[PDB]
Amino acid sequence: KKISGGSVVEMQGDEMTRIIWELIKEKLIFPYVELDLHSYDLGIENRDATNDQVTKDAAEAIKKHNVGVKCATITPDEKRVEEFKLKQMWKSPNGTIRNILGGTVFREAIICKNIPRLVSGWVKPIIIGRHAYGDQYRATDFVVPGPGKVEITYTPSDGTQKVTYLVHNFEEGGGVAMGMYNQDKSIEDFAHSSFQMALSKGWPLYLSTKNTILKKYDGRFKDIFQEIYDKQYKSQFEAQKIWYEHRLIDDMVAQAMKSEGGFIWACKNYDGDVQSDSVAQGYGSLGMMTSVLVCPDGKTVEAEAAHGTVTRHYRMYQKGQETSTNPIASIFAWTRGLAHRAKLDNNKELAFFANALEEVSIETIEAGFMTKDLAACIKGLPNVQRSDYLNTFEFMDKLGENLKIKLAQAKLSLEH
């Protein structure tokens, strides 16, 4: 007897993280949970073979089944095109999925008592709410080949007017130009999700923009957040002795760095990409971070392993060398996805399991059993010896052992 998991959309990935993904399912999920798994191969070869259609199909399946769990993938560059003999330099699958679903990607460090922080003052968590739609991630950028005029136009759908703004007149040589946008409804959804997250955690909320420079573009984010706060959330914030404030991005980063944590940080798409990584590194390890896309319907989520594909480790693995790759981000993509699945299905057994696997992952590391990266955090990379860490397989074995113990003990406890 396994737990009835329900419907989950899974997206397979690339390189080392693809290997780890299969170990996780084989050792940590499948022995305990029975799932109706809707699998999509987002490996670079399958994306190339389906002309990136598999990415769009996976995003539509998430809309249908409400929970997706995604493995980290390769976003190809010139070198990758040559390596895999790709038809095109395919766009980021994350950008494609996020553009289809919309929402806010909430990112937070996975804290272990024995991992030292780079920022000693951060005693409370920092949650990054990254706007997942538009801006640089759905932009139109091109090379300007020589002298000439770049203009940007708006034509309302009634056809009664046309506005033409001059971007730049290139007089000597060329350069680059780009157009980008955002949608009012997407900004409103981002605001609602940020206010709701601040209220569920009982922490103040800060929105960062550069509205002093982008008066109209960033000014709209600032105006939409303020308007929604004043009309729908101000009394709720006052009741919990918390607040909402707008800050300039350069002021916000410096304020975050010298703070003690304990706040929600609403970031525009590009800033949330950079800041979520910086904050994760500030808590100790870039890889020790959750990443959950919360869609506007309040029912759909996509949990992911946000970090790289770890090419260096993958090359070693191919050459038959020993590797010690951290699987926690991939584990927490599963647990966060299963926890949301459990919440939708009112499934106490799956809710218990998802939480238990997160506890086991943290308790394992805190018991002194970890991969090379985490061992380097504690000791410093030059002082790390083979005895200080477990290889990928040894670490997964330790986790499997600890998970079995935790679930067996919980079964025996509820037997009265």
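The first residue of the sequence shown is number 1, and the count goes up from there.
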**OP:** Look over 299 to 307 and 132 to 140 in the entry and identify the one with the greater average Cα temperature factor.
**Re:** 299 to 307
Subject >> Of 380 to 388 and 346 to 354, the one with larger mean CA B-factor >> reply: 380 to 388
Subject >> Among 105, 81, 126, 167 - the residue whose C-alpha B-factor is largest in the record >> reply: 81
Original post:
Between 44, 370, 62, 362, which one tops the list for C-alpha B-factor in the PDB entry?
Top reply: 44
Original post:
Among the chain's modelled residues, which third holds the C-alpha B-factor of residue 179?
Top reply: lowest
Original post:
Among the modelled residues of its chain, does the C-alpha B-factor of residue 268 lie in the lowest, middle or highest third?
Top reply: lowest
**OP:** Using the B-factor values recorded in the entry, state whether the Cα atom of residue 218 falls in the lowest, middle or highest third among the modelled residues of its chain.
**Re:** lowest
**OP:** Could you look up the Cα B-factor of residue 323 in the entry and say which third of the chain it sits in: lowest, middle or highest?
**Re:** highest
**OP:** Divide the modelled residues of the chain into thirds by Cα B-factor and specify which third, lowest, middle or highest, holds residue 289.
**Re:** middle
